[PDB]
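Atoms within a ligand are numbered from 1 in the order they appear, just like the ligands themselves. Basis for what follows: all heavy atoms, side chains included, without hydrogens, waters or symmetry-related copies. Heads up: numbering here begins at 1 and tracks the sequence.
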Amino acid sequence: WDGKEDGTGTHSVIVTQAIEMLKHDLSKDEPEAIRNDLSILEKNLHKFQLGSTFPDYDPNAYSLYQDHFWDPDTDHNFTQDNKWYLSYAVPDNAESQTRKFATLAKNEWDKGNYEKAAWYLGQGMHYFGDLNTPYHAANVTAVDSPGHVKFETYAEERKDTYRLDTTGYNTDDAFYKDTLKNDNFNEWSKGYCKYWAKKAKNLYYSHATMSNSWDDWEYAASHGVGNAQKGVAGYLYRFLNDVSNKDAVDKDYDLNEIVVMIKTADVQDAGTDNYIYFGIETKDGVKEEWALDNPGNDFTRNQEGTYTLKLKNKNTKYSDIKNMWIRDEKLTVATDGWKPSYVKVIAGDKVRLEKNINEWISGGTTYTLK
Ligand SMILES: [Ca+2]
Ligand SMILES: [Ca+2]
Ligand SMILES: [Zn+2]
Ligand SMILES: [Zn+2]
Ligand SMILES: [Zn+2]
């Protein structure tokens, strides 16, 4: 959907209206902690709105915004499904970005930086809103259709007439309780995004094509914007339970992947063209190393990049890991330097590591994280 950098437009209306819906839907039996925590989110509504539009204006965005797309039936974005775009392939998609940002936001909340929590959470709800956008869930780019941008502008012009006051439910009903029943957050999130994205893909094929009428577009756009609002209301419910519930027993799951986020500092010579690797060693001594390389540039000055690393072993839990590292390999004998600001690591439902670095790393060295 459309948005503007100042935190307005369709994406902002969606998340803002979603807050109003949750307030209305909160049942008389809900604990005070959920209400209180929602109020903290309301106090930082501005940062939440800004988050909700930011990814369209992130200076580290990929050239084609391919992470804003997600086809629920293939589990891929268009650069992995469409033959013309295979050399832009990137594992990151709108489903995966939703939970990256939800997980990031929980960690900020645990630390008490509610402003940043709300900014991160708004970014997560941006991607979630995109997977509710028919063109995005059908993997149809702005390039493949002039109708794509046209459809989002149409939606934008009418966004205020799409505002819902409620889901149709209170938080005692299955709509909201379903979001709580699976302790595996990543699995629930993927499953919940699958439900909404498939609805949006159906809406593309049935109603939002370039050979559909104007009445068909109003339908696709009002259901689409409405679905996003509903979906966000539920997502927020689960989020607010995850950060407020002290008595919830915490679970552990085998990792399919590790998400590694790195920012390179904004000083002279901070960047590098060296090969950069992330690595782990389990307790049994098994070793896995990945190259950090999305297509296009990596580790240029001031650049934030996210690297999703698929595990070769399937019976690995985070607590099996003994060592982590970043390794810097240089092509040539000539001395060079890289200054990373930070590394964050996500595995499962949690940010496992946040390490401020701000120290130079020579090529041919290894930096130890754990
Ligand atoms: Ca350098
Ligand atoms: Ca690259
Ligand atoms: Zn959008
Ligand atoms: Zn779009
Ligand atoms: Zn987007």
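Ring-plane geometry between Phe151 and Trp217 is classed as perpendicular, the angle between the planes exceeding 60 degrees on a 0 to 90 degree scale with a lower cut at 30.
Sorted by first and then second residue, the ring pair (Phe, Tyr, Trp, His ring centres under 6.0 Å) pairs with a member in residues 332-370 read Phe299-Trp338; sequence neighbours excluded.
For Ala270, every N, O or S atom stays at 3.0 Å or more from the Ca ion (ligand 1).
Minimum-distance N/O/S atom of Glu152 relative to the Zn ion (ligand 4): OE2. Closest to the Zn ion (ligand 4) among the N, O or S atoms of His148 is NE2.
Taking the Ca ion (ligand 1) as the corner point, the angle from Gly337 atom O to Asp269 atom O is about 90° (rounded to 10 degrees).
A heavy-atom distance below 4.5 Å is not found between the side chains of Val260 and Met324.
Salt-bridge formation is detected for the pair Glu30/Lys177: a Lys NZ or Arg NE/NH1/NH2 atom is positioned less than 4.0 Å from an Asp or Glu carboxylate oxygen. Residues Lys190 and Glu257 are not paired through a salt bridge, judged by the lack of any N-O separation under 4.0 Å between the basic side chain and the carboxylate.
Shown here are the ring-ring contact (aromatic ring centres under 6.0 Å, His included) partners of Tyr85, two or more places apart in sequence or in another chain: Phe78. Residues passing the side-chain contact (heavy atoms from CB on, under 4.5 Å) test with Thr8, sequence neighbours excluded: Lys4, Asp6.
Each protein N, O or S atom less than 2.8 Å from the Zn ion (ligand 5) was counted, giving 4.
With hydrogens and angles left out, the side-chain atoms of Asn77 and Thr79 include a donor and acceptor closer than 3.5 Å.
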